[PDB]
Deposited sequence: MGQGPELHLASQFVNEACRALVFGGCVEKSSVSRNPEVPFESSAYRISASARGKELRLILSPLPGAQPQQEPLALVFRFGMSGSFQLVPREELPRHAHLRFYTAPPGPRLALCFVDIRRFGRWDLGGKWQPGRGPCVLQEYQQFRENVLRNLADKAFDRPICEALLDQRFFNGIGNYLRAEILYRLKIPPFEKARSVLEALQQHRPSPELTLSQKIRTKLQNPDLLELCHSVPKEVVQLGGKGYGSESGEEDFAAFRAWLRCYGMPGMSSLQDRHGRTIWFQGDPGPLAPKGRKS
């Protein structure tokens, strides 16, 4: 997912796990080529927070949980299929690659990182990816100034629809969002990134990088609401994959949707 999806996953984990207590190890699937999670505790709480296209879990042991241990942080990137589900222990989904198990008393559940295509990754540190810009959702001012302050970067030589996927500057923006953001302002996709941004030294392209993802979060759904959780989202799209929209391929063969003028660098 993109920014809003990671945000909604974080919200789901905090809400679902709020009154749960986990115990045991953190079981990785043998099939998953991500790291073993070396954590085990008689009783620990799980919480989440998001930043752009990253999600941090914190495993926090209870007072007197054994063994004595500091809380452990994990950072996930979801790839294309990543997600969290809370299921009964005995009905793990296909492709649950990392599982955390509730501790009795009560229904024996499993919080699962589910990732069909296995593009999602997790790291033991708790650190955000160095290089990643500030979050378009929760760090708008930082995000905005990081762009305007660095227009001389080679990244802004690229056309705008290519620049918007640079997670050094648009941490959280992915394919549907660049399409929907550009369509709101009718900015040609293959306009030169530096040229579109020097025009602002009216909601503008950088406000919309904040406000458009925020519209998706405020919708809810996407597996964290209530596959009809996607009804609203499908109806909310104005561009991405819509009848009578144009669509090219950027230099990395990613599909950009737009109306009218492709712009000078197609």
Gaps relative to the deposited sequence fall at 1, 203-221, 247-249, 290-295
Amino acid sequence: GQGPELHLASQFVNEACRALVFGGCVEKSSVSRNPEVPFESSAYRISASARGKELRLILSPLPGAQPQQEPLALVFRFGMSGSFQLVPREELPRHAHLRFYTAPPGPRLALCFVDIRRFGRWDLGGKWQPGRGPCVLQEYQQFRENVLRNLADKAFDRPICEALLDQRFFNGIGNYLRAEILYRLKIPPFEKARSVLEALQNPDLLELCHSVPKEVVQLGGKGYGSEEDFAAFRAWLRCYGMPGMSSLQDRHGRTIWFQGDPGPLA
From here on, numbers count along this sequence of modelled residues.
Checking the other PDB entries with both flanking residues built, is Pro213 absent in a third or more?
no
Looking at the other compared entries that model residues on both sides of it, is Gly225 unmodelled in at least a third of them?
yes
Could you check the entry and say whether 102-110 or 120-128 has the higher mean CA B-factor?
102-110
Higher of the two mean Cα B-factors (255-263, 4-12; per PDB record) comes from 255-263
Looking at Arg178, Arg94, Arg168, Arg144, which one carries the largest C-alpha B-factor according to the PDB entry?
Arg94
Per the coordinate record, which of the options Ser60, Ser211, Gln66, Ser49 holds the highest CA temperature factor?
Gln66
According to the PDB entry, is the CA B factor of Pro71 in the bottom, middle or top third of its chain, that is, lowest, middle or highest?
lowest
Assigned third (lowest, middle, highest) for the C-alpha B factor of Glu162:
middle
Per the entry's values, where does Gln138 land by CA temperature factor relative to the rest of its chain, in the lowest, middle or highest third?
lowest
Lowest, middle or highest third of the chain for the C-alpha temperature factor of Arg77?
lowest
Of the three thirds of Cα B-factor ranks in this chain, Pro88 occupies the highest
